[PDB]
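Take a look at the structure below.
Read-outs: derived from the displayed coordinates by stated rules, not from any lab. Here the Cβ is made from the backbone with ideal geometry for all residues, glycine too, and neighbour counts use every protein chain on show.
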Amino acid sequence: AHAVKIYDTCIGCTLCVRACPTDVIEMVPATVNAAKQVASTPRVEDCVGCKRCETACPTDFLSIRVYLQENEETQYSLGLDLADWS
Amino acid sequence: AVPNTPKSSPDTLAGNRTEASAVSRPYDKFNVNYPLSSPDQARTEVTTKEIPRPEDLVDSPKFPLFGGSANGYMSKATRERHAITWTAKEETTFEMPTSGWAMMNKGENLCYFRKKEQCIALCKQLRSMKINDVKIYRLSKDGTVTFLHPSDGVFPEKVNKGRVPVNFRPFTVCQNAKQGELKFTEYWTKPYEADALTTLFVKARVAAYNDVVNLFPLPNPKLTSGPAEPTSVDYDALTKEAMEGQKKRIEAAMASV
Amino acid sequence: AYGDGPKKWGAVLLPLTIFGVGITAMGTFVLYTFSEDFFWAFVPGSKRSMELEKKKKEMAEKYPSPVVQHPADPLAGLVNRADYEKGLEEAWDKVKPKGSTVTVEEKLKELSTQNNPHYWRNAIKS
Amino acid sequence: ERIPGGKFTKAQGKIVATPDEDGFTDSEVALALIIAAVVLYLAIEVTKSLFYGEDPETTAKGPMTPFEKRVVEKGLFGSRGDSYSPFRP
Amino acid sequence: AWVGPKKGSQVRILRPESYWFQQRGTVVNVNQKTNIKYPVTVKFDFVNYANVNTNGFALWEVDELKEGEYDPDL
Amino acid sequence: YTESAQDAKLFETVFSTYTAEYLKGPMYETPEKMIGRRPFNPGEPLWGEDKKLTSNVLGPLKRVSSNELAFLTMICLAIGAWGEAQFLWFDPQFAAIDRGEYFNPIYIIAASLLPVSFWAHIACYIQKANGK
Amino acid sequence: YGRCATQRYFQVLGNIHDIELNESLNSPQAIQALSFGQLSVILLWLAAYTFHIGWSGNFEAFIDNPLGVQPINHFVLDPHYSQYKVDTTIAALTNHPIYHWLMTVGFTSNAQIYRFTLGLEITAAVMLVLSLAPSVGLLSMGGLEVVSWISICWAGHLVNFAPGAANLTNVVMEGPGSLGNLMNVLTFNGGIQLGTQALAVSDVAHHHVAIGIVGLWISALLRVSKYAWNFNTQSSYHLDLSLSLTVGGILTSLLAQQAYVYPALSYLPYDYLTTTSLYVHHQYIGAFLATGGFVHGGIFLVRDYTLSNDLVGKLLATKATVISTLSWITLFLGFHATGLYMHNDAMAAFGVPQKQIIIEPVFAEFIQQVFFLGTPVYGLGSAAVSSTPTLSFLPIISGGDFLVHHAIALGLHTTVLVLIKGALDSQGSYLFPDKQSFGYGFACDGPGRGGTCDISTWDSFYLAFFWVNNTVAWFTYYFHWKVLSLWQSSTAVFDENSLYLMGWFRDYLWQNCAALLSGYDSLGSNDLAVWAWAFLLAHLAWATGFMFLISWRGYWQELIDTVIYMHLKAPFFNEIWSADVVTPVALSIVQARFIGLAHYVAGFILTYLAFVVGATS
Ligand code: CLA
Ligand code: CLA
Ligand code: CLA
Ligand code: CLA
Ligand SMILES: CC1=C(/C=C/C(C)=C/C=C/C(C)=C/C=C/C=C(C)/C=C/C=C(C)/C=C/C2=C(C)CCCC2(C)C)C(C)(C)CCC1
Ligand SMILES: CC1=C(/C=C/C(C)=C/C=C/C(C)=C/C=C/C=C(C)/C=C/C=C(C)/C=C/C2=C(C)CCCC2(C)C)C(C)(C)CCC1
Ligand SMILES: CC1=C(C/C=C(\C)CCC[C@H](C)CCC[C@H](C)CCCC(C)C)C(=O)c2ccccc2C1=O
Ligand code: SF4
Ligand code: SF4
């Protein structure tokens, strides 16, 4: 499961949420940005690692970071379509 | 048909897919609240009666106008299914996530897919066509149904109450500890998983190491079975003067800030 | 003759050494793939690795080492963590912004706590 | 008999002189194979030792030798460090 | 009272990882709320690799520069 | 009291500064701080706040006076120069080998003392700068 | 079990020896045990060579006529041979100087070789025994004192087996005696001794005793320098590994150079193929070791270094200057070397070879004449002729060697540029500011920020290994053509046609492939058939590396998905294979890049080895 993290620099764009093809990122209330909302990743197990969320983050560097973990691949992380491991 | 599909059941072909995933991939596990972020988040429960497994549905009225394709999921070769339940306002054409085209029903609609990515792509397409209440479910091997996507009822693009932040790190991305600083710890290869306290502590520790004018010698252990070496340096006096130096240095540093 | 020697030994061994040995190696590697200890040291959370970690912890807590070791928890190195925090508290009170309501122990709890359920050692219900 | 290939083999006229006999007979080859079998047994032992790693009790339950005690105490031979460095000094 | 750099004033970025580190940018607006961690919104002539030239910075990550104490030639 | 983000950053700075100034002393006890790893050896600080080498950097001859080290390095330099000159150019020893006779051990032993003189004069200046 | 993917293989096999990640045997005792096992493998490999040389080989016939006999490596018993090929082939000939080494170190019989094989097997058993019991006690073994003692013992062996040892009067029993008595076994004549056309065994023994004694003294001096100023501030297995690898690469490259120019094995220069293979092999090994030193330096930066105001911190702070200046050096060298070569190509093509830009290597000629040569060959710097010159195999340089050395400098500087750039950007670039938290090797950072392909620090080595192979190819072409011209007595075809690159094609590659390609044809097959076959095999491996490097994953993952669909829809097999066991997935990006590089370099090495054999046969 590719770990995905959210940092203080997030400004509540919701672009990372809209860019996720597997509904990993999620908008929680917070008191750190003017938008009063901050991205969170409660469904990292569905993260394929495509880094579309990083392509849509407007901050100077990625307020959302996807750390690929090749030693912990999952059928959800590998995007398996014809093989089931459950 | 035996040449079209294998004659054995999906469970028979699966063998011990479970009890081997727990061995082959012991890391692959879901957290205690998979679709949600906090334990006290309603956690709406659905059963097979609401969203049945696809092998139990034949010519269901809720299926869209789909002609079948080779790009669907692997029946009898995979057991995990993802289902979409969305309600239409009119009967129009849409692209299946597995290529090909289907036509939505006037009312309720229901599709089955293998990967959640296909379901999310279809949800994006439908919401682009002004469709609400797109609910995405997951079908397990034994038939347990997990409700996903608008897990708390509100789409993730819109902030909603009761959603605890997850994987939120209270600093900038480059304020993570370096791997060398987190060496010999559980976070050596994964500094992004360290606590804020741990990262700050190691970032202060590296600075402490680079001040050998005040760093403490940390005397050698007494491992040999013989008598203690008389030496020529008093560790007690050094410890006392190091306590004094630490006190004065902390006082000066706090005066600076 | 010159040919004899390596001819007979070769006719015995080269079939063995190539066919039998390589085929046995391939088959045993396929078996090792389906073995429970398949790359156990490099698969996170594997049963053998977790049992080894538990036994290492048990040996460390049963046979203390006179020499100082690298702390698995960086804060566990402190000989008196109580004194560490007490000093912090004193320094923070010295440089607290006015009558701030924020205390040191609450801040340490806030920094130490972290919600990363998807990180392993947390997905193993640990 | 060989068909020579390459300009230098023909030019220099080097001949591959086959020895009249073999060179190792058969008994000494058998002795070499026996010694290699012993080496193979030792290699199997080493492979079993390394694959399962070092058990946690050894180096923790077995007390260090006085040489090892004094070396760790005084920081010698790569101790007081985290490196191997066979060419230490 | 106003806290942070003045609107429209050139500031030098002190954030080590920022694409415009030690470079210069114009302050668009500073959020006058104590809870905002990165209120100082700075606009730069150069766009980063994401083709975005506006970012918010913390109060301690920007150095306000006087009208003639910086280098006009970058 | 509606803690500010700047107040949180101030606490982070205070924590980092306090930790940094606290882990230096004998209250952290990490393998790095063990003698012969990062620290300066117990009773022998090599340099102080100013980066000036102390007499402890010389080791066994940490209390040999500056005058004695100057004499040692000058004598070693003179003897080594004499040995090198008598080995290479004046009465060359390789040419003596070509004559079938052995080397002259005096020349080799003398010429061995030039790096001795080098490190000896470096140590001599270290002692002189420390007032020894 | 085994409900993983095929990606598990290439994911773990890429780190299967990354023992720092292997928590079980993570202690340094285990790493020393790995060293013991590796040395046991080396001993068994040397035992292999000695056993097959003494079993089916002509060493007893080699010592008698080292110039007129071709050394035999092992007996060939391939069942695929046709009776003619069986009658054609005698045995696998020798491409290594083990016959020469055994002759030099005093082997005079196959019985001695057999005892050597037994001793090698017993020593491998000893190494395995030592590896059985890792222990801080065994960590004491080693050190520069130990290797210097090994050198002293080797000096003793060479003294015992020097050709003049028979005339030696026993020093330890009858005293040192006259100087000539010691000269029977210890000499410093210098250079080739004529006859054997190699350094005297007395010279080598004397060298080794001197080196061992000096090494003991140097180790003692280094340890007293550790007495005062005792600072092991940065200990890392990768830092020490980088030190060892860089020193070993320097030593191996120096070995290649000084073993060609000062051969130490008797009757080695008479064997052209073994000399060329020796030089090429050792230069490749040295370049690989230097590249490994840089790689492990990068790894130490990635996951073992803590930023400080030290040497490495200073290097990192001004890494932009280092990378920019290295880029300037590489750009200048490449621009000028390529431009001069193209100018010479145009001049030679246009029938005007005089108008080529031939910059005389006057600096290297000055060094050679003033410091090395004993006769006036060029006359610059000095013209004195030595009354009693010594012999060696130092080549005489000319105009083309200037351009070739500039190509070598370009290759070395570009390799260093890539390696240093990757290692120093492992700490982060403005495209990837947080590379310190991503590990040494990773695929990419995605298509965002314009693209981040090959941004990993491991990808820096992946890119620089092509340059390593290219630089080694350049200077090994240089060495091979130089020695081919010297042996074929041309020495003017090289000096004129190496100025332009069409010469490097026509006279070197196209010319020296004539006999190799005729290894087998319609007429028949000769002893070079195996090398033509290996030539083709190496080209095939190189182009498969091209496949793995050019085409990337996604395509192949979709294709493999369709193949899985075919299998799951196939009759008689969907009942048996559900793709759940070892799921076939495409190679990961890092795995694909490494496998493509591996095929590329395997084809590289095998192609050049086959070409060298077919050219210098
Ligand atoms: C690097 C080691 C090595 C290699 C590659 C070879 C290669 C070869 N040997 Mg051989 N051999 C070796 C060492 C080696 N030998 C040693 C040390 C001995 C002394 C016991 C022998 C004794 C020997 C005999 C008696 C015969 C061969 C034969 C052969 C040929 C056919 C293969 C075979 O049947 O092997 C059989 C070899 C053995 C049974 C001996 C075991 C080999 C050593 C001890 C193991 C070395 C392993 C090494 C450390 C690498 C391990 C890692 C690996 C997994 C990658 C082939 C050319 C045959 C031949 O010429 O027929 C045409 C034959 O009849 N060998
Ligand atoms: C004594 C020297 C030495 C030592 C101890 C190490 C040790 C290590 N290296 Mg290292 N390295 C070295 C030299 C050394 N290296 C050199 C010289 C280079 C430059 C070439 C490198 C380049 C290098 C890289 C780039 C990396 C390492 C890594 C590592 C670590 C993991 C090794 C691993 O699992 O690889 C796995 C080993 C393999 C997969 C071996 C490949 C098998 C080969 C290719 C087979 C092909 C040959 C085939 C038979 C030919 C067929 C021919 C055909 C015609 C048939 C480990 C600590 C890794 C690391 O630390 O990352 C965190 C890493 O990424 N090393
Ligand atoms: C023939 C193939 C080839 C060529 C020419 C180059 C050329 C270059 N590579 Mg390169 N590379 C190659 C294959 C090649 N690579 C392969 C296969 C790989 C493996 C992936 C790499 C991996 C690689 C890396 C990883 C790096 C390079 C770098 C470089 C540059 C080094 C600086 C230099 O020499 O400038 C000289 C430039 C040339 C020779 C290009 C040709 C220019 C003209 C045509 C020749 C001169 C004509 C004349 C003088 C100009 C006329 C001027 C006026 C009259 C108009 C250079 C542009 C390094 C770099 O960019 O640093 C600056 C670097 O980091 N390369
Ligand atoms: C970065 C530039 C660079 C590099 C890396 C090298 C590298 C090398 N050169 Mg070289 N060379 C260069 C530029 C360079 N050259 C230039 C510009 C010229 C003038 C045409 C030469 C002329 C030259 C000759 C004649 C010889 C070498 C040789 C060599 C090799 C041996 C080392 C040596 O002699 O150092 C030489 C290094 C220098 C002289 C330093 C040059 C570095 C400067 C900074 C580059 C710019 C110089 C500038 C244009 C001069 C302006 C002059 C003007 C003010 C009057 C080595 C591969 C030798 C060789 O081929 O061995 C076989 C040899 O004999 N070089
Ligand atoms: C020598 C030696 C060694 C090695 C070993 C090895 C390395 C082995 C391997 C082995 C192997 C690796 C084997 C393999 C095999 C394979 C096979 C045997 C296959 C076959 C196949 C076939 C026969 C068929 C083919 C085909 C097809 C399929 C199609 C196309 C056509 C054809 C027909 C061709 C060592 C060092 C260890 C030690 C001892 C000695
Ligand atoms: C990445 C990195 C790293 C690594 C590094 C390295 C890897 C290095 C190497 C280095 C090296 C590898 C070096 C080398 C050197 C060498 C030398 C220094 C030599 C010299 C010599 C000379 C100079 C001489 C010359 C000559 C001759 C001999 C002849 C001719 C003439 C003349 C005189 C010229 C580290 C981590 C650590 C740090 C950080 C970064
Ligand atoms: C061809 C190709 C493939 C397909 C190649 C694969 C899947 C590997 C080929 C496997 C070979 C054919 C061996 C197959 C299995 C053998 C039976 C050996 C099994 C060994 C195990 C038991 C260890 C990729 O996956 C790929 C990925 C990324 C970039 C480029 C490419 C690429 O070019
Ligand atoms: S796109 Fe980036 S800044 Fe915007 S909400 Fe998502 S993570 Fe935060
Ligand atoms: S990498 Fe892709 S799947 Fe993973 S969180 Fe980002 S957008 Fe979602």
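Each of G:450, G:589, G:133 was scored by the projection of its Cα onto the charge dipole of chain G, and the greatest displacement toward the positive side belongs to G:450; charges sit on the C-beta of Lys, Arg, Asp and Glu. I'd like the trypsin sites (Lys or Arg not before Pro) in region B:25-129 restricted to DSSP loop residues with at most 16 other Cβ atoms within 10 Å, sorted by number. Within region B:25-129, the qualifying trypsin sites (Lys or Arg not before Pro) (loop, at most 16 other Cβ atoms within 10 Å) are B:43, B:49, B:62, B:89, B:106. Note on residue B:130/residue E:14: beta-carbon distance plugged into 1/(1 + (r/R0)^6) with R0 of 51 Å gives a FRET efficiency of 0.65. Sequence-ordered 3J(HN,Hα) estimates for region G:358-366 from the Karplus curve with 6.51, -1.76 and 1.60 and θ = phi - 60° stand at 10, 7, 5, x, 6, 6, 5, 5, 4 Hz, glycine and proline given as x. Label separation (residue C:106 vs residue E:21): 3.5 nm, computed from points 7 Å beyond Cα along the C-beta direction.
Quick one: Cα centre-to-centre distance for region G:262-323 and region B:45-111, in angstrom? Going from one Cα centre to the other spans 60 Å.
Amide H to amide H distances under 5 Å link residue D:15 with G:69, G:70, where only residues 5 or more positions off or on other chains count and H is placed in the peptide plane. Normalised by residue count, the protein assembly as shown yields a Cα convex hull volume of 249 Å³ per residue. Other residues lying with their Cβ under 14 Å from the Cβ of residue G:526 contribute a combined charge of 0, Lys and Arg counting +1, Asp and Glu -1. Derived scalar couplings between HN and Hα for region B:136-152 equal 10, 10, 10, 9, 8, 4, 8, x, 5, 9, 10, 7, 10, 6, x, 4, 9 Hz in order, rounded to whole Hz, by the Karplus curve 6.51 cos²θ - 1.76 cosθ + 1.60 (θ = phi - 60°), x for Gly and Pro. Taking other C-beta atoms within 10 Å as the exposure proxy, G:558, D:68, D:45 rank G:558, D:45, D:68 from fewest upward.
Using the rule -39500 (n - 2.57) for each DSSP H run of four or more residues, divided by the residues of the protein assembly as shown, the 222 nm mean residue ellipticity is -14000 deg cm²/dmol. The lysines whose alpha-carbon is closer than 16 Å to the alpha-carbon of residue B:49, local same-chain residues fewer than 8 away aside, are B:62, B:135, B:141.
Dipole orientation for chain G: of the candidates G:537, G:326, G:430, G:430 has the Cα lying most toward the positive pole (charges on Cβ; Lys, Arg +1; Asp, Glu -1). Residue exposure proxy: G:227, F:107, ordered by other Cβ atoms within 10 angstrom of their Cβ from fewest to most, comes out as G:227, F:107.
Dipole size of chain F about its Cα centre, with +1 on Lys/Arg Cβ and -1 on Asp/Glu Cβ: approximately 280 debye, rounded to the nearest 20. A cut-off of 5 Å between modelled amide H atoms, ignoring neighbours fewer than 5 places along the same chain, links residue G:583 with G:4, G:5, G:6.
Within straight-line reach of residue E:43, meaning a Cα separation under 16 Å, sit the following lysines at least 8 residues removed in sequence or on another chain: E:6, E:7. Just so you know, the averaged projected area of the alpha carbon convex hull for chain G sits at 37.6 nm². Counted over all Cα-Cα pairs of chain E, pairs farther apart than 19 Å make up 28 percent.
Taking amide H as placed 1.01 Å from N in the peptide plane, residue C:115 has its amide H under 5 Å from the amide H of B:167, B:168, each at least 5 places away in sequence or on another chain.
At 1.306 mPa s and 10 °C, plugging the Kirkwood radius over alpha-carbon pairs of region C:8-85 into Stokes-Einstein gives what diffusion coefficient in µm²/s? Write out the running numbers ahead of the final one.
Numbers: Rh = 17.4 Å.
Diffusion coefficient, whole number: 91 µm²/s.
Shown for chain B are the DSSP H helices of 15 Å or more along their axis, judged by Cα atoms, with a mean Kyte-Doolittle hydropathy of at least 0.0: B:196-209.
Charge dipole of the protein assembly as shown (Cα centre as origin; +1 on each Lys and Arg Cβ, -1 on each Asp and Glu Cβ, all else neutral): 3000 debye, rounded to the nearest 20. Annotation for region B:178-197 versus region G:45-79: alpha-carbon center distance of 56 Å. Of the trypsin sites (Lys or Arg not before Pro) in region B:152-249, the ones in a loop by DSSP (not H, G, I, E or B) with at most 14 other beta carbons within 10 Å are B:158, B:161, B:222. By the rule of a C-alpha distance below 12 Å, with chain neighbours fewer than 8 residues away ignored, the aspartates and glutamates paired with residue B:222 are D:73.
Between region C:84-126 and region D:1-49, what's the alpha-carbon centroid distance in Å? Spelled out, the Cα-based centre of one part sits 70 Å from the other. Distance check, please: which entries in B:7/G:569; B:115/C:125; A:5/A:51; B:190/C:47; A:51/G:435 exceed 19 angstrom between their Cα atoms? Too far apart for the 19 Å limit: B:115/C:125; B:190/C:47.
At a 10 Å Cβ-Cβ cut-off, how would you order E:13, G:576, fewest neighbours first? Placing the least packed residue first, the sequence is G:576, E:13.
Calculated FRET efficiency, residue G:243 to residue C:19, Cβ-Cβ distance, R0 = 56 Å: about 0.80 to the nearest 0.05.
Rounded to the nearest 10 degrees, the angle from helix C:21-33 to the longest Cα principal axis of chain C is 30 degrees. More than 23 Å apart: what percent of Cα pairs in chain F qualify? I get 62 percent for the Cα pairs in chain F exceeding 23 Å. Divide the volume of the convex hull around the Cα atoms of region G:63-180 by the residue count and you get 204 Å³ per residue. When exposed loop sites are taken as trypsin sites (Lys or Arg not before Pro) in a DSSP loop with at most 11 other Cβ atoms within 10 Å, the longest stretch of chain C clear of them is C:1-97. Applying the criteria of a DSSP loop state and at most 13 other Cβ atoms within 10 Å to the GluC sites (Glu not before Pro) of region B:18-55 yields B:19, B:45, B:50. Phi-derived couplings, Karplus 6.51 cos²θ - 1.76 cosθ + 1.60 at θ = phi - 60°, listed residue by residue for region G:301-316: 4, 5, 9, 9, 9, 10, 4, 8, 8, 9, 3, 5, x, 5, 4, 5 Hz, with x used for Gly and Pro.
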